[PDB]
Protein chains: 4
Amino acid sequence: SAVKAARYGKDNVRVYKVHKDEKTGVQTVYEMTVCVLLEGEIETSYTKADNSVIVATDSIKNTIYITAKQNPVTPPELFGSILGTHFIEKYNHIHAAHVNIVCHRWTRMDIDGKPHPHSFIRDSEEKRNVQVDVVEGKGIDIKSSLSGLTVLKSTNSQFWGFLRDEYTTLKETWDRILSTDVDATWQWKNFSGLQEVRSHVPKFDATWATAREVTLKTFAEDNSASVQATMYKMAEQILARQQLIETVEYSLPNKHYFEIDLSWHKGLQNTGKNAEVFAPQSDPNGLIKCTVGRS
Amino acid sequence: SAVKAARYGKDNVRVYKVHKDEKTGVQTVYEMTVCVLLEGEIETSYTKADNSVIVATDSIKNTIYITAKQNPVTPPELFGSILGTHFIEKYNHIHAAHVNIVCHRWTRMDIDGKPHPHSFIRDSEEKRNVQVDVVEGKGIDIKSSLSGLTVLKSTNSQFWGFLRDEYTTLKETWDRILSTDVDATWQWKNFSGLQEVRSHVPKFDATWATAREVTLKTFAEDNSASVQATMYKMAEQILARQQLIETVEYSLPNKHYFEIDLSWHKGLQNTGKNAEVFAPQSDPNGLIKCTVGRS
Amino acid sequence: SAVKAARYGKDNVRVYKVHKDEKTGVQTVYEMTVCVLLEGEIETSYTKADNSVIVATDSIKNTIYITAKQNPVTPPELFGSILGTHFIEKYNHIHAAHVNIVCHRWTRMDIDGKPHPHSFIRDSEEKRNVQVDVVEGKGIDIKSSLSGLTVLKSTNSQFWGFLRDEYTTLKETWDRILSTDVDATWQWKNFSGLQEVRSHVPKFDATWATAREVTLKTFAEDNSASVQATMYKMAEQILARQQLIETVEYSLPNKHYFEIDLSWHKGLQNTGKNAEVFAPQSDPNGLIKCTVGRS
Amino acid sequence: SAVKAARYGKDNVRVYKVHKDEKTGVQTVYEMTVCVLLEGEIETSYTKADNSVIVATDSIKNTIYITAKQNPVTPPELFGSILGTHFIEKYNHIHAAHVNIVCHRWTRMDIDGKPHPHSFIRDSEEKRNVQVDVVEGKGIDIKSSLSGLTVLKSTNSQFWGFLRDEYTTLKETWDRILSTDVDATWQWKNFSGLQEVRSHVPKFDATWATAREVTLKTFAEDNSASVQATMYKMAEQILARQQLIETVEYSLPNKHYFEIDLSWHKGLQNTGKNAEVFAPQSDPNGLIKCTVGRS
Ligand SMILES: O=c1[nH]c(=O)c2nn[nH]c2[nH]1
Ligand SMILES: O=c1[nH]c(=O)c2nn[nH]c2[nH]1
Ligand SMILES: O=c1[nH]c(=O)c2nn[nH]c2[nH]1
Ligand SMILES: O=c1[nH]c(=O)c2nn[nH]c2[nH]1
Ligand code: NA
Ligand code: NA
Ligand code: NA
Ligand code: NA
Ligand SMILES: [Xe]
Ligand SMILES: [Xe]
Ligand SMILES: [Xe]
Ligand SMILES: [Xe]
């Protein structure tokens with residue numbers, strides 16, 4: 001037997017950083033959860049009990065805190081690239097670093113219509129994520145994403161004209177509820193190294209904001225023919241607005257809300273045009289994915 | 001042996017309701033999770049296998065949908081009271097109904113600075129809850145609450161002057177992070193029945209909004225001497241603003257963020273005034289509770 | 001305004017303890033999660049910012065580890081009583097301690113049919129719990145419980161003869177699946193203090209084992225007329241086997257498995273006597289409770 | 001823009017099946033959660049709103065129940081292959097089916113030392129899983145796995161001789177607690193189609209049992225030099241026992257239990273050889289992976 005692939009590191013490292021502006025007194029907080037996994041010439045730790053090749057996962061944890069102390073932690077694409085590059089430059093036998101970062105929302109509070117200098121609220125479990133793979137001699141590959149964005153529209157969604165055979169019971173509809181949790185990922189063109197990542201720093205926050213805005217606007221305005229059709233429109237717009245993205249991937253659950261027939265009870269009308277009360281379904285759920293790239 | 005207490009019913013009943021304004025085209029959605037438990041002369045179902053006394057839990061589920069179809073579902077204090085009263089009026093041998101409602105946020109989306117007519121976002125897992133106990137011959141007791149409101153302030157929290165003995169290692173501090181998940185409950189004076197609950201309907205939403213606002217403002221502005229001291233100030237203000245509340249209860253975790261000493265690494269300074277990077281702690285956590293009532 | 005009730009302390013304190021038999025080489029592990037909340041003359045910490053009355057929650061955490069170091073941690077009823085008594089004896093102004101303990105399963109592994117000396121498996125998320133309230137001048141009240149015991153029987157459950165009215169759609173049945181997560185609590189007679197708790201130590205593990213065995217046997221053997229009828233039989237037997245228990249409480253979800261009518265597809269028969277494939281329902285669920293005490 | 005990849009289907013479909021032996025009266029239950037995603041000539045549903053190519057996800061759900069009605073659901077490798085093959089044979093434009101199955105434990109109860117005919121217990125959240133990819137013209141690829149197997153050993157684990165530099169604070173140790181949640185996957189050689197999968201049916205349950213047994217025995221008996229070294233030994237043995245497996249992958253968290261220094265309190269000794277009470281750490285955690293294949 002032989003080691004075909006191996007990676008190891010530290011997962012679930014929670015980090016908080018505060019920035020204090022001495023002039024204005026305004027404080028800004030960042031909180032993230034970080035995972036770092038390494039690859040390289042480490043087979044002998046598995047096959048021969050040779051620990052000499054292991055950078056201890058506890059040391060990786062230390063490195064994350066130290067790196068956050070000495071560098072900006074925003075945008076996460078830059079922080080992840082700094083962190084990944086560190087390991088391949090510092091350790092001769094480590095040849096790849098894989099860095100995953102989940103950014104948690106801490107939104108500045110408005111008290112009496114003005115921004116508070118040092119108080120924050122978690123407005124939703126929506127996350128902004130990055131995956132950074134730093135591979136020696138092959139540059140830096142970055143995938144950025146938003147996830148946990150939960151939306152619903154109560155009309156202007158349709159689903160008709162699908163294949164009907166002996167396995168089909170689903171009725172066609174011209175008016176339904178559509179609700180989903182959005183997971184959207186955009187993959188950047190490969191960067192040659194940290195200098196190139198630094199040169200594009202302004203594009204990271206801007207593209208995240210664009211992806212979010214396009215998602216919300218298209219969802220709200222599209223008279224949706226299907227999840228498939230609507231998500232494609234989203235991806236197409238993002239690719240058109242940022243030339244440095246190669247692909248956009250969406251993964252969307254279709255969270256069903258079922259009509260409840262109440263006609264058995266005193267002829268009560270609660271279906272079709274008369275539908276007011278619905279039963280949200282916890283499971284099963286549709287799952288629809290697509291990856292859109294350039295012609 | 002004898003039955004000392006018994007209650008039974010349906011839990012986790014998810015309900016969605018939509019309201020459609022025909023004039024404006026504006027739609028508004030409500031989504032809740034409902035639990036209804038009944039008490040009464042039902043001992044024989046336990047002791048003698050006499051099912052004749054059981055209103056099936058499946059029927060309770062049906063009743064929830066039917067009631068939501070025929071009545072407004074907002075404010076939840078009113079809907080819960082209607083639902084509870086139904087069971088004690090309909091069934092001779094049922095003498096109490098306990099109704100718990102969790103309201104989930106569906107916040108109207110703003111697209112291009114204007115409110116969208118039928119698209120919504122889940123902005124946070126914060127909930128608005130009610131517990132309604134309708135007891136035959138004793139009226140209606142309502143406890144209203146908000147929960148899952150997660151906040152953090154990065155300074156203006158202190159904790160010093162606590163008891164120090166041979167079990168104490170905690171250092172006094174004049175500047176720390178304070179973060180909590182707020183659970184706040186206000187208990188209404190007993191209402192004689194549904195007519196009285198209806199007469200106070202405007203106070204329910206208004207008091208919820210006040211409780212939320214007082215919580216946020218006090219948290220952000222108090223130079224906090226302890227969780228205990230700050231939460232007391234919150235409760236005091238709520239009681240002063242709404243005479244129909246008898247008690248306010250807060251239950252607050254103290255979610256710790258620990259300094260990380262980095263001085264072992266090249267003398268790096270990251271404690272006290274130099275603290276920038278912290279380690280959020282998942283567990284253990286302080287838990288601080290208090291119930292405040294009138295003199 | 002005035003403080004009507006207050007309690008504070010440390011929640012979610014994870015503790016592991018190992019016992020090493022030097023003779024046999026056999027090791028035994030215990031793992032628990034502990035919560036301790038205190039009450040007493042502490043109002044001024046809320047109302048006057050007087051921290052002098054506060055035993056820091058961090059010190060409570062320390063005390064839990066120290067107490068576990070110096071005392072046995074099993075049975076949990078004894079450990080919780082020692083821990084609670086400590087606070088009321090040590091601190092003049094503290095007059096009640098509330099201790100909750102969740103014990104996690106670490107079951108010794110059998111390798112090649114023999115018990116391994118130091119390797120363990122988590123066989124299920126079933127927990128054994130205690131709640132201990134130590135109140136100065138009123139002794140020690142202990143509630144013991146098991147929770148998270150998930151069972152299913154595929155036949156020998158019935159449900160017919162329930163009330164039928166205009167809210168009822170549920171069909172009577174003489175053969176259904178019954179599945180539940182068992183939560184069972186037995187409340188001990190009040191103990192005068194630690195000496196009395198010590199004198200009954202052998203009864204704690206024995207009663208837990210009896211409660212578990214009665215639950216499983218009765219569930220498996222009862223031709224159940226309802227959840228209500230079956231749970232009553234369980235509680236009755238536990239009370240008969242241990243005179244020092246005053247009350248037994250069960251709280252049981254009814255986790256529904258629905259028939260699936262497949263007759264629309266080529267006349268396929270999958271209901272009543274022909275039912276083979278079912279759809280487990282995540283929600284809603286029946287919830288049935290009862291407290292049984294002595295005549 | 002163009003569709004580079006697309007897949008869609010139904011997730012979280014819960015299924016229960018019962019088998020009734022008419023002779024013996026013995027009943028056996030199976031419960032699973034199933035996900036089916038399809039690929040094929042479906043781009044136009046995304047790009048042109050052409051629903052004619054969509055097999056509705058609701059129909060996929062129906063197909064899962066129908067298939068479970070007409071076929072055995074065990075071993076899951078066979079059921080998943082039947083289910084995947086169905087879609088590529090039934091629909092001309094569908095060219096791949098991806099089927100994921102999670103099997104939940106329902107273990108027959110022993111009452112008074114004998115196996116009960118129709119009552120079951122969920123003994124742990126351990127799962128047995130399969131991923132089956134059926135690709136038209138390329139056969140059937142099956143990955144089988146166990147996950148959620150949580151173990152701990154209290155001694156006979158070491159970790160010393162790792163790289164030490166200016167990022168390292170971790171002390172070497174010759175005696176520590178080792179605890180992990182096992183995720184192990186074995187990948188079968190490609191099968192040409194359903195006939196070949198059927199011919200190997202006995203090997204599926206046997207290999208699962210072997211993988212489990214090797215994991216447990218090696219964990220309990222290895223005087224572990226590291227997670228890396230121990231997991232390699234597991235994978236090596238599995239590959240040696242089943243020639244039809246091509247690769248074995250393990251993914252293992254290192255769930256840390258920290259010593260607690262209590263010497264500040266009356267010189268209490270709780271570290272090194274005197275360590276009895278430890279603090280389980282919820283996060284961060286080591287994560288160690290490896291894929292082992294044949295020379
Ligand atoms: O078994 C281990 N492997 C590792 O790679 C490691 N790093 N810190 N502790 C560790 N333990
Ligand atoms: O055992 C049951 N008890 C009940 O009260 C009930 N209601 N619906 N189904 C039921 N089953
Ligand atoms: O605000 C606080 N209250 C307390 O009771 C406490 N105990 N430790 N830290 C603390 N902080
Ligand atoms: O938008 C949808 N896409 C689908 O593929 C589907 N299948 N059932 N309902 C559906 N809705
Ligand atoms: Na390198
Ligand atoms: Na009544
Ligand atoms: Na006292
Ligand atoms: Na095909
Ligand atoms: Xe951070
Ligand atoms: Xe609702
Ligand atoms: Xe413990
Ligand atoms: Xe199944």
Side-chain angles (χ1 to χ4, degrees), chain A residues 6-10 37-42 45-46 49 51 53-62 85-97 134-137, chain B residues 6-10 37-38 42 45-46 49 51 53-62, chain C residues 157-163 168-173 176-180 224-231 252-256 284-290, chain D residues 157-163 168-173 176-180 224-231 252-256 284-290:
Chain A
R7 62 179 67 180
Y8 83 101
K10 200 70 143 190
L37 298 176
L38 306 180
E39 300 184 69
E41 298 167 59
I42 58 165
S45 61
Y46 297 86
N51 293 339
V53 302
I54 297 174
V55 175
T57 67
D58 188 80
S59 309
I60 297 172
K61 176 190 73 177
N62 291 335
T85 297
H86 168 83
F87 291 97
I88 64 146
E89 287 189 348
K90 176 77 186 179
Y91 299 102
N92 285 118
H93 66 298
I94 298 304
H95 304 303
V134 176
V135 177
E136 188 173 350
Chain B
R7 62 179 67 180
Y8 83 101
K10 200 70 143 190
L37 298 176
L38 306 180
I42 58 165
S45 61
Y46 297 86
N51 293 339
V53 302
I54 297 174
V55 175
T57 67
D58 188 80
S59 309
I60 297 172
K61 176 190 73 177
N62 291 335
Chain C
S157 172
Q158 304 188 359
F159 193 63
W160 53 266
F162 47 93
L163 188 151
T168 309
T169 53
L170 181 66
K171 292 190 189 304
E172 299 183 304
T173 190
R176 65 175 187 175
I177 292 159
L178 180 62
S179 184
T180 192
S224 170
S226 64
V227 171
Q228 286 86 337
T230 298
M231 73 202 283
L252 298 180
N254 188 0
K255 299 170 83 180
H256 306 295
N285 58 276
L287 177 54
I288 316 302
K289 303 184 179 282
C290 170
Chain D
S157 172
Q158 304 188 359
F159 193 63
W160 53 266
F162 47 93
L163 188 151
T168 309
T169 53
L170 181 66
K171 292 190 189 304
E172 299 183 304
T173 190
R176 65 175 187 175
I177 292 159
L178 180 62
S179 184
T180 192
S224 170
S226 64
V227 171
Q228 286 86 337
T230 298
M231 73 202 283
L252 298 180
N254 188 0
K255 299 170 83 180
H256 306 295
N285 58 276
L287 177 54
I288 316 302
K289 303 184 179 282
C290 170

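Numbering of ligands and ligand atoms starts at 1, following listing order. Below, chain A is the first sequence line, B the second, and so on; all start at residue 1.
Going from atom NZ of A/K10 over to atom CG of D/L287 covers 10.0 Å, rounded to the nearest 0.5 Å. Considering CG of C/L252 and CE of C/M231, their distance stands at 4.5 Å, rounded to 0.5 Å. To the nearest 0.5 angstrom, C/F162 atom CZ is 11.5 Å from C/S226 atom OG. With rounding to the nearest 0.5 Å, the separation of CD in A/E39 from CZ in A/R7 is 4.5 Å.
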Within the protein, flag every N or O under 3.5 Å from an N or O of ligand 1, and note the pair and distance.
unit_1	atom_1	unit_2	atom_2	d
ligand 1	1 (O)	D/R176	NH2	2.8
ligand 1	1 (O)	D/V227	N	2.9
ligand 1	3 (N)	D/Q228	OE1	3.0
ligand 1	5 (O)	D/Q228	NE2	2.8
ligand 1	7 (N)	A/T57	N	2.8
ligand 1	7 (N)	A/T57	OG1	3.3
ligand 1	8 (N)	A/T57	N	3.3
ligand 1	8 (N)	A/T57	OG1	3.3
ligand 1	11 (N)	D/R176	NH1	3.0
ligand 1	11 (N)	D/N254	ND2	3.4

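Two residues are said to be in side-chain contact when any heavy atoms from C-beta on lie closer than 4.5 Å; C/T173 and C/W160 fail this criterion. Residues A/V134 and A/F87 form no side-chain contact, since every pair of their non-hydrogen atoms from C-beta on lies 4.5 Å or further apart. Counting heavy atoms from C-beta on, the side chains of A/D58 and D/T169 come closer than 4.5 Å.
Protein-derived N/O/S atoms nearer than 3.0 Å to the Na ion (ligand 5) total 4, waters excluded.
C/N254 and B/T57 share no side-chain donor-acceptor pair at under 3.5 Å.
Using cut-offs of 30° and 60° for the angle between ring planes, the A/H93 and A/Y91 rings count as perpendicular.
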